[PDB]
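Structural overview for review
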Amino acid sequence: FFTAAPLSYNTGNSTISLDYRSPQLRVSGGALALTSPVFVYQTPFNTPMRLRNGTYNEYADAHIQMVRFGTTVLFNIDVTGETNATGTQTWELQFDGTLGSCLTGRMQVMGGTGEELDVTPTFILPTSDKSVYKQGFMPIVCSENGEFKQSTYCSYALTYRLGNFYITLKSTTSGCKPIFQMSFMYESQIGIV
Amino acid sequence: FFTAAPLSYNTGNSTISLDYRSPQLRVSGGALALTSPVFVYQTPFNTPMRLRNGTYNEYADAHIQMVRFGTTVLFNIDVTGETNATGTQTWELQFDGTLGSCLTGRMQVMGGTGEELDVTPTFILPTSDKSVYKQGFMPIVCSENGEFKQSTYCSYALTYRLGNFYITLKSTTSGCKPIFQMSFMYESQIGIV
Amino acid sequence: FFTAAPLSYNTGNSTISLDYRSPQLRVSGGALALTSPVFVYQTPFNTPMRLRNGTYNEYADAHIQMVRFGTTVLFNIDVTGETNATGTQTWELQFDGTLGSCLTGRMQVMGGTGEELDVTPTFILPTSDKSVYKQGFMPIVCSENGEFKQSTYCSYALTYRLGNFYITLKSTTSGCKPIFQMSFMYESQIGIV
Ligand SMILES: CC(=O)N[C@@H]1[C@@H](O)[C@H](O)[C@@H](CO)O[C@H]1O
Ligand SMILES: CC(=O)N[C@@H]1[C@@H](O)[C@H](O)[C@@H](CO)O[C@H]1O
Ligand SMILES: CC(=O)N[C@@H]1[C@@H](O)[C@H](O)[C@@H](CO)O[C@H]1O
């Protein structure tokens with residue numbers, strides 16, 4: 001028989017092989033995998049996460065995507081608060097510091113096929129040694145039903161406590177509902193192998 | 001003959017197979033594919049789209065990239081307006097509601113190779129058979145020739161009711177040209193299979 | 001013997017093949033590769049680059065990621081300035097115009113596995129023929145130790161000078177340290193082949 005590329009036949013030892021570009025593809029436990037696969041940990045379709053502003057009776061819906069490109073994580077959140085507010089709201093997400101599972105609400109690893117993947121979400125975790133400093137602010141615009149309300153900001157802060165990973169967001173509003181989209185990037189040293 | 005990993009020969013049923021990591025690779029109609037491929041639907045290299053501000057005699061050039069990963073679309077637009085304006089401009093993009101093809105201007109599915117891909121861009125559509133309306137605002141900075149002009153805002157709006165798919169952007173300016181970059185994210189329930 | 005999908009045997013030319021979806025995977029030089037692979041050029045984990053505000057005695061630490069998907073680059077920077085300032089600071093990154101290698105400080109092509117890849121970072125270069133003038137502004141928020149300081153802006157400019165590729169960023173502050181994260185997107189006409 002013949003082998004068409006990318007299959008090749010080594011006459012020197014009667015071996016059929018798959019040739020692949022190693023920076024892009026790899027072998028892991030005898031199976032073909034990607035060097036830099038895209039993995040997304042997200043809230044499901046039509047299932048936003050319910051969040052509470054600390055101890056207040058102020059709630060919001062949040063759609064969340066955490067996207068792994070190489071070793072970077074792109075974090076996106078879309079928040080729809082139900083209370084008009086003047087102050088700073090704290091929207092806190094907790095994740096198991098070993099497995100990555102979201103403790104705050106329902107998230108899942110989702111393929112581009114639209115199907116849930118049976119994958120433990122360690123890939124969102126910054127460090128295997130459970131320490132991290134990262135904080136900053138992003139500019140945001142709050143609106144409601146297509147109407148501009150306020151140009152303001154939202155902080156983000158990555159921490160560990162009690163061995164779990166926290167992403168704490170804080171939005172500042174003046175007489176408007178916290179309804180906004182914000183994203184930022186961070187780095188993971190957890191390898192996908 | 002022999003097989004080297006990730007290929008595998010089964011002497012039991014005399015079958016040669018490819019072993020692959022299922023959360024990263026898959027089979028689609030007998031062919032190897034990715035579980036989470038990156039696709040980009042964009043204006044061609046150095047071929048910005050012409051956009052008209054409603055019925056006004058006011059135009060802009062636009063470079064657009066719509067980057068699909070997992071089930072998320074990252075929309076990025078580079079708008080270069082030509083008329084100094086005070087008011088709100090409306091930039092409307094229209095896409096075929098079934099195929100995703102841009103009707104407002106020329107866009108192509110572009111691989112990392114730099115080659116156009118022969119792919120129907122259904123992966124930018126938010127849904128196939130569910131009416132959709134989603135709006136938000138992002139902060140922007142208008143500039144001209146490297147010089148700051150105004151910190152302001154642009155709304156985005158996704159509309160669909162089983163005709164065409166619309167992305168409607170509204171920039172608000174005060175005595176400057178609408179010249180800005182802006183991105184936002186949205187979900188597509190169209191699986192890539 | 002039998003072949004299991006995605007392997008197939010053409011009874012006719014006695015050839016065994018790997019079937020694959022061409023918009024997702026491809027063959028280059030007889031080797032399997034991706035059509036739109038993810039590559040990331042970045043500062044090493046916990047090894048920020050040292051930058052200077054032009055000739056002033058004002059410095060910043062910078063974490064940088066340059067994410068290539070399709071032909072688009074997502075540039076992200078986390079700038080941690082050390083000196084309170086009122087004015088506009090200039091932060092300049094310089095890259096070899098042929099190979100893409102960062103000349104300002106150490107950066108590396110990092111796979112999803114957490115391993116450095118042996119690849120030339122040409123995939124960050126905007127134009128093959130060394131003529132480009134992409135510039136714009138992004139809104140940013142300066143903070144310190146998790147406290148808000150200022151809503152402001154930062155320009156970006158992609159140029160070539162003396163055969164090398166420059167990304168020049170200019171942050172404008174009023175009585176605060178230049179401490180912010182910012183991102184922007186641009187197009188690379190260098191195909192990954
Ligand atoms: C209805 C209302 O104003 N609620 C806000 C609340 O959103 C914020 O978390 C808090 C502390 O800043 O201040 C309250 O006044
Ligand atoms: C020349 C000028 O200012 N044109 C603006 C236009 O850009 C805006 O779309 C419209 C409605 O707000 O108001 C017009 O007057
Ligand atoms: C200490 C201080 O204010 N330094 C700023 C400097 O950051 C800026 O690059 C320069 C040009 O605007 O102006 C100086 O006043």
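Residues numbered from 1 in each chain as written, not as in the entry; some residues may be left out. Chains lettered and ligands numbered in written order. Heavy atoms only, no water.

As stated in the entry header, the method of structure determination is X-ray crystallography and the reported resolution is 2.00 Å.

1. Brief notes about unusual backbone geometry
The test is simple: Secondary structure counts use DSSP, requiring at least four H or I residues in a row for a helix and at least two E residues in a row for a strand, with both numbered from the N terminus. Each residue is placed in one exposure class: buried if its accessible area under a 1.4 Å probe, protein chains only, is under 20% of its type's maximum, exposed if it is over 50%, and partly exposed if it falls in between.
In this structure, the amide linkage connecting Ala5 of chain B to the following residue, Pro6 of chain B, adopts the cis form with an omega of 5°. As for its placement among the helices and strands, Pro6 of chain B is situated in the loop between β1 (2–3) and β2 (7–10). Even without a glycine there, the phi angle at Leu162 of chain A is positive, about 55°. Structurally, the position occupied by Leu162 of chain A is in the loop between β13 (147–161) and β14 (164–176). The exposure class of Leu162 of chain A is exposed, given its relative accessible area of 82%. In this model, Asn46 of chain C sits at a positive phi of 55°, which is unusual for a non-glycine residue. Residue placement: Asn46 of chain C occurs in the loop between β6 (39–42) and β7 (49–52). Judged by its relative accessible area of 65%, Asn46 of chain C falls in the exposed class.

2. Some words on the interface of chain C and chain B
Put simply, the rule is: Only heavy atoms matter for contacts: two residues are in contact if any of them lie within 4.5 Å across the pair. Buried area: the accessible surface (1.4 Å probe) lost by two parts on joining, summed over both. The term salt bridge refers to a pairing of a side-chain nitrogen on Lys or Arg with a carboxyl oxygen on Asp or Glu at a separation within 4 Å. Residues are sorted three ways: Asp, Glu, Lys and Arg are charged, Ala, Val, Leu, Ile, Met, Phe, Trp, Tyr, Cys and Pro are nonpolar, and all the rest, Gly among them, are polar. DSSP-based pairing: two strands are paired if at least 2 bridges between them are found.
Taken together, the contact between chain C and chain B spans 42 residues of the former and 49 residues of the latter. By the criterion of area lost to chain B, the three top residues of chain C are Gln24, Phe137 and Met185 of chain C, representing 18% of everything that side buries. At the boundary of chain C with chain B, the tally comes to one salt bridge. A salt bridge links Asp78 of chain B to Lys134 of chain C; the nearest nitrogen and oxygen atoms lie 3.6 Å apart. Elements represented by at least two residues in the side of chain C that touches chain B include exactly β1 (2–3), β4 (25–28), β5 (31–34), β8 (59–69), β12 (134–144), β13 (147–161) and β15 (179–187) of chain C. It is β12 of chain C that provides the largest number of residues to the side of chain C that touches chain B, a total of six residues. Partitioned by chemical class, the residues of the side of chain C that touches chain B number 24 nonpolar, twelve polar and six charged. Pairing analysis gives two bridges linking strand β3 (residues 15–18) of chain B to β1 of chain C, with the strands arranged parallel. Its bridge partner being in β1 of chain C, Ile16 of chain B is matched across the sheet by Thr3 of chain C.

3. Here's the deal with the domain arrangement of chain A
Residue and element names in this part refer to chain A. Cut-off, in case you're wondering: An automatic or database domain assignment supplies the residue ranges for each domain. Here a polar contact is taken to be a pair of N or O atoms separated by no more than 3.5 Å, where protein atoms must pair a possible hydrogen donor with a possible acceptor and residues adjacent in sequence count only if both atoms sit in side chains.
If you check the domain split of chain A, you get domain 1 (1–36) and domain 2 (37–193). Its C-alpha centre places domain 1 at a distance of 39 Å from the equivalent point of domain 2. When residues of domain 1 are sorted by the area they lose upon contact with domain 2, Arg26, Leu34 and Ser36 head the list and together hold 84% of the total. Here domain 1 and domain 2 share zero salt bridges between them. At the boundary of domain 1 and domain 2, one finds two residue pairs in polar contact. Taken together, the residues of the side of domain 1 that touches domain 2 break down into one nonpolar, three polar and one charged.

4. Notes on the site of ligand 3
Residues and elements named next belong to chain C. For clarity, the cut-off: A molecule or strand has a residue near it when one of that residue's heavy atoms lies within 4 Å. Using a 1.4 Å probe, accessible areas were evaluated by the Shrake-Rupley method; residue-level cover was limited to the displayed protein chains.
Near ligand 3, the surroundings consist of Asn53, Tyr56, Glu58, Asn84, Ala85, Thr86, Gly87, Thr88 and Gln89. At 3.1 Å from an oxygen atom of ligand 3 is found a side-chain nitrogen or oxygen belonging to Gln89. When the free accessible area of ligand 3 is taken as 370 Å², the share hidden by the protein chains comes to 66%. Its residues assigned to classes, the shell around ligand 3 comprises two nonpolar, six polar and one charged.

5. Some points on the sheet that holds strand β12 (residues 134–144) of chain A
All names here are of chain A. Test applied: Every angle, taken between N-to-C directions, lies between 0 and 180 degrees, and every axis is a line fitted to C-alpha atoms, over only the stretch in contact when it is a helix.
Read from one edge of the open sheet, four strands run β10-β14-β13-β12, paired in antiparallel fashion. The strands lining the two open edges of the sheet, one partner per strand, are β10 (85–95) and β12. The sheet shows a mean angle of 20° between the axes of neighbouring strands, taken without regard to direction. With ten bridges connecting them, β10 and β14 associate as antiparallel partners. Within β14, the position partnered with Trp91 by the bridge is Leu169.

6. A word on the site of ligand 2
Residue and element names in this part refer to chain B. Around ligand 2, the structure places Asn53, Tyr56, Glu58, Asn84, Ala85, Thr86, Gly87, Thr88 and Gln89. With respect to ligand 2, the backbone of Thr88 contributes an N or O atom lying 2.7 Å from an oxygen atom. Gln89 is positioned such that a nitrogen or oxygen atom in its side chain is 3.1 Å from an oxygen atom of ligand 2. Its residues assigned to classes, the shell around ligand 2 comprises two nonpolar, six polar and one charged.

7. A few points about the relation of the copies chain C and chain B
Stated formally: Superposing the copies is done by minimising, in the least-squares sense, the deviation of their C-alpha atoms.
The operation relating chain C to chain B is a screw motion whose rotation component is 121°, with 0.2 Å of axial translation and a residual RMSD of 0.8 Å. These values place the two chain copies in the arrangement generated by a three-fold rotation axis. For chain C, the minimum C-alpha distance to the rotation axis belongs to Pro139 of chain C and amounts to 3.8 Å. Comparing interface residues between copies, only 19% of those in chain C also sit at the interface in chain B, which points to a heterologous contact through distinct surfaces.

8. Comments concerning the sheet that holds strand β14 (residues 165–176) of chain B
All names here are of chain B. Strand order in this open sheet of four strands is β10-β14-β13-β12, and the pairing throughout is antiparallel. Only two strands of the sheet have a single neighbouring strand rather than two, namely β10 (85–95) and β12 (132–144). In this sheet, neighbouring strand axes are inclined to one another by 20° on average, regardless of whether the strands run parallel or antiparallel. Here β10 pairs with β14 via ten bridges, running antiparallel. Note that in β14 the partner of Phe95 across the bridge is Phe165.

9. As for the UniProt feature "binding site: N-acetyl-D-glucosamine" (unreviewed entry) in chain A
Residue and element names in this part refer to chain A. Let me state the cut-off plainly: UniProt positions are given in the numbering used here, feature names are shortened, and annotations may be inferred rather than shown by experiment.
Taking the UniProt record as the reference, the feature "binding site: N-acetyl-D-glucosamine" (unreviewed entry) is found at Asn53, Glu58, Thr86, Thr88 and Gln89. These annotated residues cover 37 residues of sequence, and their C-alpha atoms all fall within 12.8 Å of one another, placing them together at a single site. Those residues within four positions of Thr86 in sequence are excluded, and the remaining contacts are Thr173, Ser174 and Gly175. Among the polar contacts made by the side chain of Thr86, one reaches the main-chain amide nitrogen of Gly175 at a distance of 2.9 Å. Along the chain, the position of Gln89 falls in strand β10.

10. Re the pairing of strand β8 (residues 59–69) of chain A
Residue and element names in this part refer to chain A. Where burial is concerned, most of β8 is hidden: eight out of the eleven residues are buried. Where strand β6 (residues 39–42) meets β8, four bridges bridge the pair, whose relative direction is antiparallel. Bridge assignment links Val40 to a residue of β8, and that residue is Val67. As paired strands, strand β7 (residues 49–52) and β8 are joined by four bridges and run antiparallel to one another. Bridge pairing in β8 links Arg52 to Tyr59. With antiparallel pairing between neighbouring strands as the criterion, β7 and β8 make up a hairpin whose turn holds six residues, including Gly54 at a positive phi of roughly 55°. Sheet topology places β8 next to strand β9 (residues 72–81); ten bridges connect them, and they run antiparallel. Residue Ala60 lies in a different strand from β9, and its bridge partner there is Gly81. Taking the residues that link successive antiparallel strands as the turn, the β8-β9 hairpin has two residues, and the phi of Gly70 there is positive, at about 55°.

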